[PDB]
Amino acid sequence: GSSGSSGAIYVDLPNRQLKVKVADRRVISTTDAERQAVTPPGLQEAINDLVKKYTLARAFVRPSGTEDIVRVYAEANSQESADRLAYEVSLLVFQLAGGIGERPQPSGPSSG
């Protein structure tokens, strides 16, 4: 007889990504200038506060890059926090960067 084994990862924290098809650039007030502290000045803070107000949470965003759509991502120790934050962030942007298009949908507590 004989036996082997599988070597790989066995744990992948929860995470959630989104995409805000920004209508465009400029125009928006809180969407100009790029000096004095990494911009946008506040977002990082606002979210940060939310990232701190949460349990082991983490949110991020990626502007233009090989595309014309914004990238959103939020994770946490819990799936909910991961979703909540995510959904929120995406929204936070929708307004912050007056993001539009495909809007973020609510996870919705449903299990069976």
# chains A, B, ... in the order shown; residues from 1 in each chain; ligands from 1
$ select_by_dssp --residues "chain A" --states "alpha helix (DSSP H)" --output "list in words"
residues 43, 44, 45, 46, 47, 48, 49, 50, 51, 52, 53, 79, 80, 81, 82, 83, 84, 85, 86, 87, 88, 89, 90, 91, 92, 93, 94, 95 and 96 of chain A
$ select_by_dssp --residues "chain A" --states "strand (DSSP E)" --output "MDAnalysis selection string"
chainID A and resid 15:20 57:62 70:76
$ residues_around --residues "residue 81 of chain A" --least-positions-apart "4" --cutoff "12 Å" --atoms "only C-alpha atoms" --output "ChimeraX atom specification"
/A:13-16,50-59,74-77,85-89,107
$ closest_residue --among "A:38, A:61, A:82, A:70" --to "residue 25 of chain A" --atoms "only C-alpha atoms"
A:70
$ closest_residue --among "A:34, A:83, A:67, A:49" --to "residue 22 of chain A" --atoms "only C-alpha atoms"
A:67
$ atom_distance --atom1 "atom CA of residue 23 of chain A" --atom2 "atom CA of residue 71 of chain A"
13.9 Å
$ closest_residue --among "A:37, A:46, A:28, A:69" --to "residue 98 of chain A" --atoms "only C-alpha atoms"
A:28
$ decode --residues "segment 62-95 of chain A" --atoms "N, CA and C atoms" --output "PDB file, in the first residue's frame"
ATOM      1  N   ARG A  62      -9.043  51.048  -7.364  1.00  0.00           N
ATOM      2  CA  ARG A  62      -8.094  51.178  -8.457  1.00  0.00           C
ATOM      3  C   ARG A  62      -8.721  51.958  -9.614  1.00  0.00           C
ATOM      4  N   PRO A  63      -8.123  53.148  -9.895  1.00  0.00           N
ATOM      5  CA  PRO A  63      -8.612  53.996 -10.969  1.00  0.00           C
ATOM      6  C   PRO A  63      -8.215  53.434 -12.335  1.00  0.00           C
ATOM      7  N   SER A  64      -8.292  54.296 -13.339  1.00  0.00           N
ATOM      8  CA  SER A  64      -7.945  53.900 -14.693  1.00  0.00           C
ATOM      9  C   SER A  64      -6.731  52.969 -14.671  1.00  0.00           C
ATOM     10  N   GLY A  65      -6.693  52.076 -15.650  1.00  0.00           N
ATOM     11  CA  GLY A  65      -5.598  51.127 -15.755  1.00  0.00           C
ATOM     12  C   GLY A  65      -5.955  49.981 -16.703  1.00  0.00           C
ATOM     13  N   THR A  66      -5.473  50.101 -17.932  1.00  0.00           N
ATOM     14  CA  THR A  66      -5.733  49.086 -18.940  1.00  0.00           C
ATOM     15  C   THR A  66      -7.236  48.969 -19.203  1.00  0.00           C
ATOM     16  N   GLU A  67      -7.968  49.963 -18.723  1.00  0.00           N
ATOM     17  CA  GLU A  67      -9.410  49.983 -18.898  1.00  0.00           C
ATOM     18  C   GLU A  67      -9.952  51.397 -18.681  1.00  0.00           C
ATOM     19  N   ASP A  68     -11.273  51.496 -18.680  1.00  0.00           N
ATOM     20  CA  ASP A  68     -11.927  52.778 -18.483  1.00  0.00           C
ATOM     21  C   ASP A  68     -12.967  52.651 -17.368  1.00  0.00           C
ATOM     22  N   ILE A  69     -12.725  51.694 -16.484  1.00  0.00           N
ATOM     23  CA  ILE A  69     -13.627  51.459 -15.370  1.00  0.00           C
ATOM     24  C   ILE A  69     -12.828  51.447 -14.065  1.00  0.00           C
ATOM     25  N   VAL A  70     -13.493  51.865 -12.998  1.00  0.00           N
ATOM     26  CA  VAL A  70     -12.859  51.907 -11.691  1.00  0.00           C
ATOM     27  C   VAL A  70     -12.990  50.538 -11.021  1.00  0.00           C
ATOM     28  N   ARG A  71     -11.978  50.200 -10.235  1.00  0.00           N
ATOM     29  CA  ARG A  71     -11.968  48.927  -9.534  1.00  0.00           C
ATOM     30  C   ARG A  71     -12.190  49.146  -8.035  1.00  0.00           C
ATOM     31  N   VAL A  72     -13.032  48.297  -7.465  1.00  0.00           N
ATOM     32  CA  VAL A  72     -13.337  48.386  -6.047  1.00  0.00           C
ATOM     33  C   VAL A  72     -13.156  47.010  -5.403  1.00  0.00           C
ATOM     34  N   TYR A  73     -12.699  47.029  -4.160  1.00  0.00           N
ATOM     35  CA  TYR A  73     -12.477  45.795  -3.425  1.00  0.00           C
ATOM     36  C   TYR A  73     -12.455  46.051  -1.917  1.00  0.00           C
ATOM     37  N   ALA A  74     -13.139  45.180  -1.190  1.00  0.00           N
ATOM     38  CA  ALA A  74     -13.205  45.300   0.256  1.00  0.00           C
ATOM     39  C   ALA A  74     -13.255  43.903   0.878  1.00  0.00           C
ATOM     40  N   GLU A  75     -12.451  43.722   1.915  1.00  0.00           N
ATOM     41  CA  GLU A  75     -12.395  42.445   2.605  1.00  0.00           C
ATOM     42  C   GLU A  75     -12.523  42.651   4.116  1.00  0.00           C
ATOM     43  N   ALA A  76     -12.662  41.539   4.823  1.00  0.00           N
ATOM     44  CA  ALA A  76     -12.795  41.584   6.270  1.00  0.00           C
ATOM     45  C   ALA A  76     -12.701  40.163   6.829  1.00  0.00           C
ATOM     46  N   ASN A  77     -12.656  40.085   8.152  1.00  0.00           N
ATOM     47  CA  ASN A  77     -12.567  38.798   8.822  1.00  0.00           C
ATOM     48  C   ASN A  77     -13.877  38.033   8.627  1.00  0.00           C
ATOM     49  N   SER A  78     -14.952  38.793   8.476  1.00  0.00           N
ATOM     50  CA  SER A  78     -16.265  38.202   8.280  1.00  0.00           C
ATOM     51  C   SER A  78     -16.773  38.510   6.870  1.00  0.00           C
ATOM     52  N   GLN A  79     -17.539  37.571   6.334  1.00  0.00           N
ATOM     53  CA  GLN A  79     -18.093  37.729   5.000  1.00  0.00           C
ATOM     54  C   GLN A  79     -18.949  38.995   4.927  1.00  0.00           C
ATOM     55  N   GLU A  80     -19.754  39.187   5.960  1.00  0.00           N
ATOM     56  CA  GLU A  80     -20.626  40.348   6.026  1.00  0.00           C
ATOM     57  C   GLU A  80     -19.805  41.635   5.903  1.00  0.00           C
ATOM     58  N   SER A  81     -18.928  41.834   6.874  1.00  0.00           N
ATOM     59  CA  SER A  81     -18.080  43.014   6.887  1.00  0.00           C
ATOM     60  C   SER A  81     -17.426  43.203   5.516  1.00  0.00           C
ATOM     61  N   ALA A  82     -17.083  42.081   4.900  1.00  0.00           N
ATOM     62  CA  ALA A  82     -16.453  42.109   3.591  1.00  0.00           C
ATOM     63  C   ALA A  82     -17.444  42.661   2.565  1.00  0.00           C
ATOM     64  N   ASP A  83     -18.674  42.177   2.657  1.00  0.00           N
ATOM     65  CA  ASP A  83     -19.720  42.612   1.747  1.00  0.00           C
ATOM     66  C   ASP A  83     -20.119  44.050   2.085  1.00  0.00           C
ATOM     67  N   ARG A  84     -20.590  44.227   3.311  1.00  0.00           N
ATOM     68  CA  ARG A  84     -21.008  45.541   3.769  1.00  0.00           C
ATOM     69  C   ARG A  84     -20.025  46.610   3.286  1.00  0.00           C
ATOM     70  N   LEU A  85     -18.790  46.485   3.749  1.00  0.00           N
ATOM     71  CA  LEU A  85     -17.751  47.428   3.375  1.00  0.00           C
ATOM     72  C   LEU A  85     -17.724  47.572   1.851  1.00  0.00           C
ATOM     73  N   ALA A  86     -17.586  46.435   1.185  1.00  0.00           N
ATOM     74  CA  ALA A  86     -17.544  46.419  -0.268  1.00  0.00           C
ATOM     75  C   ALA A  86     -18.677  47.288  -0.816  1.00  0.00           C
ATOM     76  N   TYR A  87     -19.894  46.784  -0.661  1.00  0.00           N
ATOM     77  CA  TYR A  87     -21.066  47.500  -1.134  1.00  0.00           C
ATOM     78  C   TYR A  87     -20.964  48.992  -0.810  1.00  0.00           C
ATOM     79  N   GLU A  88     -20.603  49.272   0.433  1.00  0.00           N
ATOM     80  CA  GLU A  88     -20.465  50.648   0.881  1.00  0.00           C
ATOM     81  C   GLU A  88     -19.436  51.386   0.022  1.00  0.00           C
ATOM     82  N   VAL A  89     -18.202  50.910   0.095  1.00  0.00           N
ATOM     83  CA  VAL A  89     -17.121  51.512  -0.667  1.00  0.00           C
ATOM     84  C   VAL A  89     -17.632  51.886  -2.060  1.00  0.00           C
ATOM     85  N   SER A  90     -18.006  50.862  -2.813  1.00  0.00           N
ATOM     86  CA  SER A  90     -18.513  51.069  -4.160  1.00  0.00           C
ATOM     87  C   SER A  90     -19.427  52.296  -4.192  1.00  0.00           C
ATOM     88  N   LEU A  91     -20.341  52.338  -3.233  1.00  0.00           N
ATOM     89  CA  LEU A  91     -21.278  53.446  -3.141  1.00  0.00           C
ATOM     90  C   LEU A  91     -20.514  54.728  -2.801  1.00  0.00           C
ATOM     91  N   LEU A  92     -19.695  54.632  -1.765  1.00  0.00           N
ATOM     92  CA  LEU A  92     -18.905  55.772  -1.328  1.00  0.00           C
ATOM     93  C   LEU A  92     -18.270  56.443  -2.547  1.00  0.00           C
ATOM     94  N   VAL A  93     -17.903  55.615  -3.515  1.00  0.00           N
ATOM     95  CA  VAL A  93     -17.286  56.114  -4.732  1.00  0.00           C
ATOM     96  C   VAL A  93     -18.362  56.727  -5.630  1.00  0.00           C
ATOM     97  N   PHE A  94     -19.395  55.938  -5.885  1.00  0.00           N
ATOM     98  CA  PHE A  94     -20.492  56.388  -6.724  1.00  0.00           C
ATOM     99  C   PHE A  94     -20.801  57.867  -6.475  1.00  0.00           C
ATOM    100  N   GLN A  95     -20.618  58.275  -5.228  1.00  0.00           N
ATOM    101  CA  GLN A  95     -20.872  59.654  -4.847  1.00  0.00           C
ATOM    102  C   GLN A  95     -19.574  60.464  -4.890  1.00  0.00           C
TER     103      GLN A  95
END
